[PDB]
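# 3D model of this:
(chains A, B, C, D, E, F, G, H, I, J, K, L, M, N, O, P, Q, R, S, T, U, V, W, X, Y, Z, AA, AB, AC, AD, AE, AF, AG, AH and AI)
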Amino acid sequence: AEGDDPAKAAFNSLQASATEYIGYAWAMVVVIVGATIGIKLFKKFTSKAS
Amino acid sequence: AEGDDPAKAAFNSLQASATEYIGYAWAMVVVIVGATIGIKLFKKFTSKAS
Amino acid sequence: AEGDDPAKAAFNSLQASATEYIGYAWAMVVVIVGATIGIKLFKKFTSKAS
Amino acid sequence: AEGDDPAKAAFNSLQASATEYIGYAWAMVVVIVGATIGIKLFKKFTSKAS
Amino acid sequence: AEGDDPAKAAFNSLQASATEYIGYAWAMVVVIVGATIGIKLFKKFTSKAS
Amino acid sequence: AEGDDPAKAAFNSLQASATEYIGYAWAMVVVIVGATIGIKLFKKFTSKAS
Amino acid sequence: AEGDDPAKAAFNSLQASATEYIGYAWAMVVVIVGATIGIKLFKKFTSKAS
Amino acid sequence: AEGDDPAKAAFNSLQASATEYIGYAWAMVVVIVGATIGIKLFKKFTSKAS
Amino acid sequence: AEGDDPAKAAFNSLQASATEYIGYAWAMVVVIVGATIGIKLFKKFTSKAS
Amino acid sequence: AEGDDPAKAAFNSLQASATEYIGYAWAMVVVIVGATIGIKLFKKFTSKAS
Amino acid sequence: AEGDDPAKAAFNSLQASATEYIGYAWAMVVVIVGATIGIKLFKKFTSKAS
Amino acid sequence: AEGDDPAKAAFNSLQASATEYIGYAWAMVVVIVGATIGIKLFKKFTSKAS
Amino acid sequence: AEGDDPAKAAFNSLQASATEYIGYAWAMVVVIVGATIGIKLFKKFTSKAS
Amino acid sequence: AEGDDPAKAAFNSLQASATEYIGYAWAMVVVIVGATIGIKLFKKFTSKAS
Amino acid sequence: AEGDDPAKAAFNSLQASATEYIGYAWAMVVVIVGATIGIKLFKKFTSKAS
Amino acid sequence: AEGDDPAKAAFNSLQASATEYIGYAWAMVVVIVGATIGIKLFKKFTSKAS
Amino acid sequence: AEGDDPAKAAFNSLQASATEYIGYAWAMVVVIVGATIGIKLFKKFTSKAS
Amino acid sequence: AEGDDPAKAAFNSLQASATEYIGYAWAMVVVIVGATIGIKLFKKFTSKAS
Amino acid sequence: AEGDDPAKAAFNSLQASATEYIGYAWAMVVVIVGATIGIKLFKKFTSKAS
Amino acid sequence: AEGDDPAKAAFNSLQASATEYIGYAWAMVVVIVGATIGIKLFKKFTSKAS
Amino acid sequence: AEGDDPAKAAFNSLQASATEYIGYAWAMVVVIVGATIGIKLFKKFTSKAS
Amino acid sequence: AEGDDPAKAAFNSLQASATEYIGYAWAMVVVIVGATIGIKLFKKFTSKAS
Amino acid sequence: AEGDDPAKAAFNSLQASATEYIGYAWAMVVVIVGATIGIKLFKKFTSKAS
Amino acid sequence: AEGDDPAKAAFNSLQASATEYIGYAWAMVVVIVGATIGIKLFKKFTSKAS
Amino acid sequence: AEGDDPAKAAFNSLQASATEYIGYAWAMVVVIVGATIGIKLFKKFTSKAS
Amino acid sequence: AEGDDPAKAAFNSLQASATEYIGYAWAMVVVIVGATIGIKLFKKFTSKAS
Amino acid sequence: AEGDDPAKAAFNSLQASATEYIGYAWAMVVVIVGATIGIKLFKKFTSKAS
Amino acid sequence: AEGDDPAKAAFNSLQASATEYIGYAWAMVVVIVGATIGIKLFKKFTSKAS
Amino acid sequence: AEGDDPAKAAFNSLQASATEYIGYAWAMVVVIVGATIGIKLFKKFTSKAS
Amino acid sequence: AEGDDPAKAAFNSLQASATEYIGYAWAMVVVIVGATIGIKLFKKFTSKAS
Amino acid sequence: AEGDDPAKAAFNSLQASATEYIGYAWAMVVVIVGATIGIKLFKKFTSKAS
Amino acid sequence: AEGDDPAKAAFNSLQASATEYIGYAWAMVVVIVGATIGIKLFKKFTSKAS
Amino acid sequence: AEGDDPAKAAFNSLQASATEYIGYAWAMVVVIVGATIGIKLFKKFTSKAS
Amino acid sequence: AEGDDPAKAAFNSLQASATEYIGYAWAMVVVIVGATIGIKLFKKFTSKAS
Amino acid sequence: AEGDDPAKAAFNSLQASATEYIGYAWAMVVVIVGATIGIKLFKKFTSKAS
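Residues are numbered from 1 along each chain as shown, chains lettered A, B, ... in the order given. The coordinates are given below.
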């Protein structure tokens, strides 16, 4: 019974896929923010150096 | 009489299946919202840090 | 009933995430203001020393 | 859990970047003030020598 | 008759769920605004202190 | 009703934060002006003593 | 209200500083004039003794 | 609550920085005036000796 | 008919909420401007006293 | 004749059910809009207070 | 209507603050000029006595 | 014929409802803009008074 | 038609608010200039009296 | 229109203040010259009496 | 109005100071001339006695 | 055909509304600039009078 | 033959009904757009007036 | 077209305001120079009379 | 055949309607931009005149 | 085609508006500089006449 | 092009104003020197006549 | 144009003031020389009578 | 095939429209900068002429 | 056999109809996008011209 | 490509404007210095002739 | 089998269409950014030249 | 399994694209800041050389 | 028995077809996202470069 | 792959545009400083020649 | 990592530029003071030779 | 690199201008002193010849 | 280049003015000494004739 | 912490520079006074030897 | 507080310096008068011995 | 470090210039006194020979 439901196999597969793509989502936005705010901070440097 | 109706057995089986898939529905959307809003909050960080 | 709602678990998780990122937001802006105004005060020194 | 949040990795990276650029900000303004006030003091010499 | 309608039981259940999630919505946005505007006010400090 | 609005709790919290940071703003600018004008007055001494 | 204004505390502090430096200004110029005119009067002696 | 506000930590840090740079401001202008007026007084000597 | 429309009850509720938050908006900005311009006027004092 | 038609009894029953569920529909959407726009107005506060 | 505008309350508050700081501005400059010109007049004495 | 169409009765009812909610829409946005721009104009005051 | 537009009522209200705050703007800057230039003229006195 | 301009009221006020301080300027310099030249004339007496 | 101007209080104070120092100027030069011409007259005696 | 299109009636109505609100936009900004620049010009007076 | 077909009578009846409901459709959407865009244009006013 | 532009009405209004304040600027500086140089010329008298 | 297809008649009718509403779209946005940018340019005037 | 684009009509209209407001910008600043520098030159007169 | 630049019109106007005030500067200093040196020459007479 | 320049009115006023004070300068020095040389001539008498 | 795609015809049409509006964008901003910086340079003249 | 199947005649007829309506679909959407994006590009102009 | 950039046309136009206004700047300051130093040299004459 | 599936022919056709429209998407946005940022850089010129 | 997910191939492709455009972002802003601050430093030269 | 069921042959055939079309679905959406987000990232470049 | 990215072509184009406008920025500010400081040095001449 | 940050390359470039312009600043002011004080010393010669 | 910096070209140009104006400064003061002291020496002749 | 510097034209003009006023200085002092010493020599006659 | 502040390093550097230039100031004025008063004393010799 | 003011330390230092230089002033003038009058008295001897 | 300070190079240059001009000062006054006292001694001859 338990574990024999194809729906559960599909669900778990989608859970794995979601987890992966969440890793992608965080990985991507971390790269985006890293560069974006990094440059912003460099812009703040030029302000502080004024 | 009561409990001897195949329709009731089918109904109860579908109720169990529904309950399970509701667990799946909540589990999935919790994962989705968790990551989605979590990143959104991180985006709010970058706003607040500006 | 109470505490068995996946939505509450998700909410509390987001509350924890928000709190963390608020710590990040304050930590960041404190660093920014610290340096920014610190240099500004040094600029005020050069004014006062004139 | 703790330390496994990509947001923290991004935050810490931005903290390092900020610290660096703060070093740049101070380094720059020290050079600017050094020369600026140094010459000013030389101008004060010419006043005192009058 | 009145109170025996499953639709009413469902409705009331959804009303309770909505009320809860409204509490979540306000709780969340209060936290967000609290930190967001709090930092903004700190930024206003640095302006006023200039 | 009155006092049960999360918005009011947030507002009052921001009012407290603002009041605090106003104290900071005045405290800071008083220190700045104190030293700035104090030295200016000392410069006025050197003028009057000429 | 009255007396609770940081601006008043700053003002009074500057008034005290000014008063002090006025004491310095008079003290200095009295010393300067004392010697300056004292010698001048001695020069007037040498004239009268001629 | 009290003392747990990052803004207060930043404020106090800036207060320390300001105090230091005020020490610098006074130290500098004292050196400037010392030499400036000292020479002026020497010039007054040459006047009195005339 | 008139007054029996849930939409009107909702509208009036939102009108009350808006009015309240308008009170908050004015209250907040009055506090902000009060301190901001108050300090500005104190800065104008230091200018006029120069 | 008139009133003896089972179809009319069914119709009237459905009319009552519809009316009830319309009450539910308005009740629900009023709650939704109340909170939704209420928070929106609070967001407008934070804008106006900026 | 008239007198119920927070802007008027803020304005009047700023008018009071301005008036006070004007008193400070005059008070300060009167002290400055008093001593400054007073010494100048004493310098004029030493001229007239020459 | 004309006026006996239930669709017309429904249409006219919806036209009345729309007209009402249009009154609500204008009433709301007038309140929003009133406060929003009113404060903005007060902000313009503080600019003009600078 | 004419005069029945909520937008006109809002506009006229904003026109009244603007006019008021213009009165505030002029009132404030007149006070500022009055004292500022008044003291300046007193400074011109001390120049003319030199 | 004419006479309703706050700028004119401010201007006229400054004109009155200027006129007053001009009276002060002349009054002061008349006193200064009176004594200064009066003594000078007495010095001319001692020359003529030689 | 009249008599409430700090500038007038300062002016009158300077007038008193000037008057005093004029007394000093005359007192001093009277002493100087007294002795100077007195001796000169004694020198005229020695001439007349020759 | 031509003129019988409800869309044209709606369009023309919106054109009239736009024209009106354009009148409002110009009327408002003229008032704003009038006062803003008027005061600015008064500030230019105080500069020219310095 | 022609015109004796009940289907044609039904068709023409449906054509009349459609035409009517098209009038309703345009009438409704004109009202909706009128208010919707009218307010939008008022929002554009507040933008242009900024 | 020509003359119907609110911008032109605003411009012309500002031109009138400027012209007025130019009259103020000249009027003020004429008064200032009149007294200032007038006294200077009186000082030149005392020089020429020496 | 060609031209006898009701679909073509409908298509061409929609093409005419689209063309008309495109005229409306351009007409509207031209009016919007005209006023919007026109005022913006007037704002640029006030900048250039500063 | 060419000349039938509403965008071109809008563009040309904005070009005309810009040209006009440029005339205003130059006209205004010429008036400002005229008076400003004119008075400055008069101040240079008083310097040259010293 | 050439001659159409408002800046040139302003420049030429300032050139005329300067030329005039130069005439004033020479006229004034000629009067000053005339009397000053004229009296000096009269003083030289009294020397030569001794 | 000619005669409408406040600078000319100021200039002419200063020319009148100068002329007056020149009259004073000559009047004074004539009195001084009159007595001074008159006594000198009397001293020459006593020489010639020796 | 190639060139028979309506999408390409639409694309090329949009490319032409974009190119035109780019010409407008540059044309406009050139006019804006021309006048803006031109006046700025005239302001630099008045600085250099000071 | 081949070509004698009514189904083929129907199919080919539907293929022709589809092809025609595809031409309509592309023609329509090209017109829609043309105007839609064309205006969008004009909006981009106003952005670039800002 | 080269020479087809509106930015270059604008740049060259500004270069021409700058060159012109530089001519104005030199022309003006030459006139100012000419008269200023010319009179100064005349003052040096009166010194040398003493 | 492989290659005989109409779905594959359709897929490949859509892949070609997508690739083309991607070329359009990049081509368009490159043109947009080119002009947009190009002008922005020209605006940066005017900043750097200030 | 791992590496066979088209989503991963797409993700990695986007990561490469992002990295490239980050290189562009830094490259661009480095060029901008280089020139911007470089000129600023040259402006600081002209200040220090004053 | 097993494998002799036409339904299984049909099922397996549909499984193969599905797998293929899944490959198409992923292939297509990867291309779509690739270009879509790729351009988005380029847009992020232009933001970061601002 | 490398060099086939439209984004790179756009980037390189913007790099060329930036480089050009940097040349403009330096060219302009060199002209400005040249004249500005050149005149300043001429002013220093008049000081040294005093 | 270290040395791979474009910000560091930009910083170091600005440090080199600053150092150069500091050399310019000192070089310039040395030339200015050299001549200025050199002439002053020559003026002191003429005093000592008197 | 070296020699390609517009700042260096500007610097060298200013160095040439300074050198020239230094030549002017010395040339002028030599002429001034020549005549001034030359006449002084002639005055010394008349003393020695007495 | 050489001879195109307005500063040179101004310098040469001042050189001519200086030369002229030197002629005046010598002319004047020659007249003064002529008469002064001439009379002195006549006084020497009366001594020699005694 | 202590000693790690770039501001302190800059301050100490400026203190060293000031001390050096004070040495220069005293060294210079000692040389000036040495020669100046030395010659004065030689002039006193010639007086005493008379 | 008292004694912690750098201004007092500077003042006291200047008081010490003044006292020293007063000692120098008296020491010098005593030497000067000693020799000067001593020789004068010797000259009186030669008179008395005649 | 030591010897690399442009200020030292300037100082030493001024020291050399001062030394030279001191040589000039002594050389000149020696010539003046030589002739002046030489003639005085010749006058003493004529006294002794009487």
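
# quick one, what contacts the residue in chain A that chain U sits nearest to?
In chain A, no residue comes nearer to chain U than residue A:50, which is 30.6 Å away by C-beta to the nearest C-beta. From N, CA and C alone the C-beta is placed, and that goes for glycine too. Residue A:50 is in contact with residue AA:40, counting by C-beta atoms under 8 Å, 6 or more residues apart in numbering or on different chains.

# helix, strand, or coil at it?
Classification of residue A:50 into helix, strand or coil gives coil, according to DSSP: H, G, I helix; E, B strand; the rest coil.

# can you tell me which residues in chain A are near chain AA?
With C-beta under 8 Å from any C-beta of the partner chain as the criterion, chain A comes near chain AA at residues A:17, A:20-21, A:24, A:27-28, A:31-32, A:35, A:39, A:42-43, A:46, A:49-50.

# now do the helix or strand containing residue A:10 and helix D:6-48, the angle between them.
Residue A:10 belongs to helix A:6-48 when assigned by DSSP states H and E. Relative orientation of helix A:6-48 versus helix D:6-48 (axes from the mean of the first three to the mean of the last three C-alpha atoms, to 10 degrees): 0 degrees.

# what about helix A:6-48, near chain AC?
No: interface with chain AC: helix A:6-48 contributes nothing (C-beta under 8 Å from any C-beta), its closest point being 14.8 Å away.

# could you list every helix and strand in contact with that helix?
Applying 3 or more C-beta pairs under 8 Å, 6 or more residues apart in numbering or on different chains; DSSP states H and E, one finds that helix A:6-48 contacts helix B:6-48, helix C:6-48, helix D:6-48, helix AA:6-48, helix AB:6-48, helix AD:6-48.

# burial of the nearest residue to residue A:42 once chain neighbours are set aside, as a residue count?
Residue nearest to residue A:42 in three dimensions, not counting chain neighbours: residue AD:7, with 4.7 Å by C-beta to C-beta, 6 or more residues apart in numbering or on different chains. Counted with other C-beta atoms under 10 Å in any protein chain shown, the neighbours of residue AD:7 add up to 20.

# sorry, back to before: of the residues of chain A next to chain AA, buried ones?
Buried residues within these, counting neighbours by 16 or more other C-beta atoms under 10 Å in any protein chain shown: A:21, A:24, A:28, A:31, A:32, A:35, A:39, A:42, A:43, A:46, A:49.

# state the phi and psi torsions of the last one.
Dihedral angles phi and psi of residue A:49 (degrees, to the nearest 10) take the values phi -90, psi 0.

# isn't it up against residue AA:33?
No: if you go by C-beta atoms under 8 Å, residue A:49 and residue AA:33 don't touch, sitting 9.8 Å apart.

# hey, what's in contact with both of those two?
Common neighbours of residue A:49 and residue AA:33 are listed as residue AD:14 (criterion: C-beta under 8 Å, 6+ apart).

# sorry, back to before: which pair in the residues of chain A next to chain AA spans the largest distance?
Using C-beta to C-beta, the two most remote members of these are A:17 and A:50, lying 49.4 Å apart.

# ok, and the closest non-adjacent residue to the most centrally placed residue in chain A?
Among the residues of chain A, the smallest C-alpha distance to the mean C-alpha position (C-alpha atoms, centre = their mean) belongs to residue A:26, namely 1.3 Å. By the measure of C-beta to C-beta, 6+ apart, the closest residue to residue A:26 outside its immediate chain neighbours is residue D:6, 3.9 Å from it.

# how about residue A:27?
If the residues on either side of it in the chain are set aside, residue A:27 comes closest to residue D:6, at 6.7 Å by C-beta to C-beta, 6+ apart.
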